[PDB]
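Just the first chains of my complex for now:
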Amino acid sequence: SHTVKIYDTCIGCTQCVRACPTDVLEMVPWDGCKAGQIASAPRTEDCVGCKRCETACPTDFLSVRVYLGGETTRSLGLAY
Amino acid sequence: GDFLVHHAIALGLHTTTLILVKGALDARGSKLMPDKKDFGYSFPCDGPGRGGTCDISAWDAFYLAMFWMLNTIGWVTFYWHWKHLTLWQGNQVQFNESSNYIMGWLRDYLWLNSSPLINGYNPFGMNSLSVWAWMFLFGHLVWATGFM
Amino acid sequence: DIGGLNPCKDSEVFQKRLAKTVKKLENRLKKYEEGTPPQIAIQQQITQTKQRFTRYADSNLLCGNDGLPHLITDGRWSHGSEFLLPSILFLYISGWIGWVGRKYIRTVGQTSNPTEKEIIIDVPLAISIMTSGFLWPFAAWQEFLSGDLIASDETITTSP
Amino acid sequence: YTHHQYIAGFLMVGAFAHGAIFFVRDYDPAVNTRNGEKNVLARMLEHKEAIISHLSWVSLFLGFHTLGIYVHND
Amino acid sequence: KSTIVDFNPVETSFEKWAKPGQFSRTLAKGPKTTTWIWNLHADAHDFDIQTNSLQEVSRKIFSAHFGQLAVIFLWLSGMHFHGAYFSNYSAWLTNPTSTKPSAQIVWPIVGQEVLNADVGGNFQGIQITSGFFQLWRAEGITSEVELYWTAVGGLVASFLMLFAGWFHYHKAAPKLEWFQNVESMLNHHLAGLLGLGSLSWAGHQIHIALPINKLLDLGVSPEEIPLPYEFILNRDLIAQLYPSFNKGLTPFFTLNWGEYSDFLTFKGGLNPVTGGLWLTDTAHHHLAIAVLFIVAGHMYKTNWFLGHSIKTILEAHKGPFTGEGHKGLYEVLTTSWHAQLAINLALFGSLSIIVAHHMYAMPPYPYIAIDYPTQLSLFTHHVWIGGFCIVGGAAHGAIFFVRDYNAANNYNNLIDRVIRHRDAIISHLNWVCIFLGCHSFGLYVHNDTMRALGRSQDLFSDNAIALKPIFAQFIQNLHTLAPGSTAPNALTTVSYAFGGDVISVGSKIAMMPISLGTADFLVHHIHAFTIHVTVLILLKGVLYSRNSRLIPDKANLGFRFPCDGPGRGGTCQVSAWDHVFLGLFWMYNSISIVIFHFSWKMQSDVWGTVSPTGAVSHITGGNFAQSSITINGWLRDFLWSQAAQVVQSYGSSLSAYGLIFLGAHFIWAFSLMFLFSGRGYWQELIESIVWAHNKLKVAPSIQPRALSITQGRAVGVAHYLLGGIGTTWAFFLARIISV
Amino acid sequence: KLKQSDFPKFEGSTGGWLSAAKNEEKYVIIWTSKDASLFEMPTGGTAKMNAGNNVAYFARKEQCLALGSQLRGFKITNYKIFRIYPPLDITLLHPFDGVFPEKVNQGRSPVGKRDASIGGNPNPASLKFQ
């Protein structure tokens, strides 16, 4: 399964979570930004690696980073 | 002709060096990917974001520079082989006159000397050069499958 | 002479080339009629060929064993009209172009909408800058002295 | 001649590829730096833009003019 | 306040000309990077994203059609003007079989005057392979003054179409209901446009082209031929050549149409004098076509209680296997311009290819069959246009599926049921493509390896294992027997390609029976295989344009997008555009093979010269039958052999063809930089170049960015197509003009 | 006509699940609709909702989530996605805590959070042979 990391540059704009096609990211409470929220990656087993999450990231060099790793039938997007 | 082909060789060397040096120095990161070292030497891309990141890894620089190395070695070997074919056949005036323009190369090296090779087997017979014509066609086929 | 070459005025193969080209043109001329425009055009071709060959012969041009003018670009002023003078001419023209482009970029770079003035050129300002490029060698060695030609550390750098 | 020149090109490309691999996975900036100042190898990453820009300029210069002379002759 | 048009919708102003990108909501803010410049041209004609109203899109399309027709009229006017002023048309008229058509002279600069060839007739210029001279002769044009007047009329028509476009966008723009009158539009395009154009052309042929060309074939010089208007004012100049005009129009109105058999014939074959189709046959053909199309125009109900409703016809065509059938197709084709473009472009390209075939098969112009460069150029050009238009139709079908397809409005209809089993279609098409490619190409490779191994009796040849195209030979036999048996009123077969006598004009073969052997079997199956693979790519693009097992929401990414990401193992080129890109490549492959087959087969087994005793000698000598069955044969006896004229063209009047040969090779190789590389490398190289510019304080305000992934692919495919087609263009033209 | 009365009125497509969603895992999405709206399947073509309970089975979580995202356009929000293993091993997936992941809910802990920016990542040469 791929690896997804969140960095404290998160501004809690939720654009990553609402762009994930496989429900990998979610918004959790935080105290490091104005919005009081930070993205989390608790379901990386469903991560497919499409990187839509970091295409919607407005922070300078990203706050969500996807590191491709071992492959799985879920991560390979295999309907068969 | 030697002057012009040596400048072509210099261009090939410089461009291959440019690709390889750019890939080596930009291997640890760039503006498009300031954390490229965290993804390793060979990775597919960084995604369609930030305008598109096709062939952004250092391995892709090697992959692109292989074409330029093949082209430069092709130029070098074309020059050597045509010069020595004219020297051995005795018509060194053919190279000295026709090597200054591209059509000279295409007509007097490739088109001219490819006649014995393609007639390694014809609808009339074959020669000991038949295996070389088969390898010629085989190389063309593998080249185009690479194009695929 | 230089590199084993010989002047084209004394190169037999050069005159053979001229004679063969003229003979081909005249043979082509034979198949047309009277003072018809095709014959006039072929005659003009013959005249231009003769003039070009005569000018190349009387031009301090060195010809090889193929009867073609070879360029001596080692740097000697004797054959200075082959490379050195055209080199100076191009350097002047290209420096003019680069200088006027850089001046226009830096001039509209201090306005409210720098990007708009790059797709929609300020033709008055463009004309003002373009005709001022004749002093580009002097302007360049008056802006480099003042430190206005080179940036120092505001330029951006990648991570490593 | 053809065999050895092709092997030469392969070896050169491999040398540069393994230099890139060294940069990715073996290079340590701390070892090549003493009190902020950088050693001879670490300084190659400081003017990397200069190196790449001048390689690009030489390549464009040679390509433009070699192709120009060849096409002029054509 | 008309019910069909809106008056003064858009003000005629230059203000928006000075605001580039005003049409787009995203581009209107102004450029920030160089990507804006490329996006400006990529969205210029995408009227769907510029307005949210179908009416505005329709009006823009209508005015764009007017602009295109004005451009076409200007091009035709230029052609006629060049024929009038810079051509040897008058000299070619008096010696069609010995003067090469030329209509473009080259200025004497930088030594380029060598391009002015010895085309004959005391003229110097570039030989013309567009066949305008033969077309003008078939039109009865015997003077360059008529060409000048046709050019003037073309200029006037081009201005008229420009004014019409301006008028119908800015002064009186039609409403949506006017555009959606598909019944009225079909009625008019079928009766008025097609039928009345055929009728008017039949009238022109009968009254101008029939007498003038008959006099020309009789040997009358163009100067003593009467002016065309005299054939109308004087019923005696035409009644001598065709002694049936003496009865006037009475036989027509008295149903005694047999009297007009003098100039309305049904002969078939070719004119023995000119080698083209009998112009009496052509006039009769156009008359019949006019009547048929006028009748066909009275089909759809427009404004009276009479005719058909296309909605009622489609909705009644259901079936057990097709569910709701064609229900909803009328709404699809009356609310989506992209669906109409798909159908029209596909059928238009297919029509262009059919035209290309029927052109050389039955030469319709005088002295065009013996002008081999004209025939080869016309066939190749029309086949190329057909392939491009077919790929465009597939592209716009995919665009309709992505954008204008409504799932709710297409419940259980044909479109829905096709998407529901797209897997089966694509898998079986994949199997068919593999079967056809394996067989055709591997038979070629088996022939090649048997020849290379010295086993000549193991080939798939005529003197070996033979694959006779018996079905095509049966059809050929049926056509050569048609006159008198199935077409009892025919005097000769439709085309001598099916069989018959060798037709020669001035010792040059016009048409001749095209024998089909094992060599034609293999190349025909190659054609079928390439066409099937192109169909596979395009149909996979259309069907999987909305969703797939990889990306279940591919429709939300649009028609044109590079990917969905490196995940799922890699999701490159999943768009539908990336399928029109690959399909463009495969169309290039297929059309290149088709034109190669045509060129070699014609040169080897049709074209040539006929000796006075009747011995036929061809351009190459019949090497197609035995040497077109191996890839080495194609490489050597066709490519290497017929490329001799291109490479040896330097110093001659065909040197431009060699230069374009080399330049097209250069462009084709240039394409591979964009096709093989990726955006990240070029962006990071532009980074260092920008560093240098910033160091010299010359970095542009518009930030330079590498071409987008989709634009990189588009540039690559455009350069690839241009280079390949130009290389084949120069090769074909130089070869067929030299010999 | 159909195995269950709550299935959407779909005519079946050759784009549904395969032998994989019989021995590895299958995904089911359930939702309640006020109207029998016509919607597009993530696999094939157009299906008709039921004016009530609707249940659909798919081979991938992404297919179910694409269907759910389409449902939001119908003002349908109560859709829930489950994962079914080879036997009846049902696991609620998408509304994991009953609140959509885009809305912050108490009781969620940050997973995969690094207390630094990208520039703070360790050098790869120091991560060799671990």
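Sure, I can see it. Numbering: from 1, shown residues only, chains lettered A, B, ... in the order given.

Please make it C-alpha for all contacts and neighbour counts, starting now.
OK.

following the helix or strand hosting residue E:353, which helix or strand shows up next?
Counting by DSSP states H and E, the element that carries residue E:353 is helix E:337-361. Where DSSP H and E defines the elements, the next helix or strand beyond helix E:337-361 is helix E:372-403.

Any residue of that next one touching chain F?
No: Helix E:372-403 lies out of reach of chain F by C-alpha under 8 Å from any C-alpha of the partner chain, never closer than 11.8 Å.

List the buried residues of the longest helix seen in chain B.
Determined from DSSP state H, the single longest helix within chain B is helix B:58-89. By 16 or more other C-alpha atoms under 10 Å in any protein chain shown, the buried positions in helix B:58-89 come out as B:58-66, B:68-79, B:82-83, B:85-86.

next one: stretch E:167-187
For stretch E:167-187, by 16+ other C-alpha under 10 Å, it's E:167-176, E:179, E:182-187.

Start and end of stretch C:153-160, how far apart?
Stretch C:153-160 stretches 16 Å from its first residue to its last (C-alpha to C-alpha, to the nearest Å).

What lies in contact with that stretch?
With C-alpha atoms under 8 Å, 6 or more residues apart in numbering or on different chains as the test, stretch C:153-160 has contacts from B:28-31, B:34-35, D:45-46, E:691, E:694-695.

try 10 Å this time
Stretch C:153-160 is contacted from outside by B:25-37, D:29, D:42, D:45-49, E:684, E:687-688, E:690-697, F:119, using C-alpha atoms under 10 Å, 6 or more residues apart in numbering or on different chains.

Run through those and flag the ones next to chain C.
Among the contacts of stretch C:153-160, the residues within reach of chain C (C-alpha under 10 Å from any C-alpha of the partner chain) are B:25-37, D:29, D:42, D:45-49, E:684, E:687-688, E:690-697, F:119.

Of these, just the buried ones, PyMOL syntax please.
Buried members of those can be picked out in PyMOL with the line below, counting by 16+ other C-alpha under 10 Å:
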select buried, (chain B and resi 25+26+27+28+29+30+31+32+33+34+35+36+37) or (chain D and resi 29+42+45+46+48+49) or (chain E and resi 684+687+688+690+691+692+693+694+695+696+697)
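
ok, residue 65 - contacts?
No chain in the question, so chain A it is. A:3-7, A:51, A:53-54, A:57, B:46, F:112, F:118.

ah, I was thinking of chain F
A:20-23, E:552-553, F:29, F:42, F:71, F:79-81, F:94.

those helices in the chain, which residues are they?
No chain specified, so I'll use chain A. Counting by DSSP H, the helices of chain A are A:52-55.

Actually, chain F is the one I wanted.
Under DSSP H, chain F gives helices at F:20-23, F:61-72.

ok, now chain G:
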Amino acid sequence: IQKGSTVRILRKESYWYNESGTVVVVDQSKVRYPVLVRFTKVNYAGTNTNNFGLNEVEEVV
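The block that follows adds chain G to the chains above:
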């Protein structure tokens, strides 16, 4: 630093590293990256603004 001040970006992984931007607002709360800087050059993603820490910006004289 304050609103309207000109600062140099010291963050290395930044499209505006070593460049100068205009501070839009400096947050007074306990956020990690309070300084909001607006730039004239859009980055590769198209944005022209970003939040920076107090130690990642250096005010220009």
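
Same as before for the buried residues of helix B:58-89, with chain G this time.
Those would be B:58-66, B:68-79, B:82-83, B:85-86, for helix B:58-89 by 16+ other C-alpha under 10 Å.

what's the answer for stretch E:227-242, then?
E:227-228, E:231, E:237-239, E:241-242.

returning to what we had before: does any part of the longest helix of chain B sit near chain D?
Yes: against chain D, helix B:58-89 shows contacts by C-alpha under 10 Å from any C-alpha at B:58-63, B:65-66, B:68-70, B:72-74, B:76-78, B:80-81.

which bits of chain A sit near chain B?
Near chain B, when you scan chain A using C-alpha under 10 Å from any C-alpha, you find A:49-57, A:61, A:65-69.

Likewise for chain G?
G:12-17, G:43-47.

Looking at the residues of chain A next to chain B, spot the one nearest chain F.
Set against chain F, the nearest of the residues of chain A next to chain B by C-alpha to the nearest C-alpha is residue A:61 (7.3 Å).

Quick check: the gap between that closest one and residue E:586.
Where residue E:586 is concerned, residue A:61 sits at a distance of 40 Å (C-alpha to C-alpha).

Show the subsequent helix or strand relative to the longest helix of chain B.
Assigned by DSSP H and E, the successor of helix B:58-89 is helix B:92-98.

Packing partners of that following helix?
Applying 3 or more C-alpha pairs under 10 Å, 6 or more residues apart in numbering or on different chains; DSSP states H and E, we find helix B:92-98 packed against helix B:58-89, helix B:102-105.

ok, the longest one near chain E or not?
Pointing back at helix B:58-89 there. Yes: remark: helix B:58-89 sits within contact range of chain E at B:58, B:60-61, B:63-64, B:67, by C-alpha under 10 Å from any C-alpha.

ok, residue E:265 to chain A distance?
Look at residue E:265 and chain A: by C-alpha to the nearest C-alpha, to the nearest Å, they are 66 Å apart.

Hmm, residue E:287 and that residue touching each other?
No: using C-alpha atoms under 10 Å, residue E:265 is not in contact with residue E:287, being 11.4 Å away.

So the two - more neighbours on which side?
Legend: neighbour count by other C-alpha atoms under 10 Å in any protein chain shown for residue E:265 and residue E:287, higher for residue E:287 (23 against 19).

Could you tell me which residues of chain B lie near chain G?
B:29-35, B:49-52.

What helix or strand is the closest residue to chain A within chain D located in?
Chain A sits closest to residue D:24 of chain D, with a gap of 15.8 Å, by C-alpha to the nearest C-alpha. Assigning secondary structure by DSSP H and E places residue D:24 in helix D:2-25.

For chain B, which residue gets nearest to chain C?
For chain B, C-alpha to the nearest C-alpha, closest residue to chain C: residue B:30, 4.8 Å.
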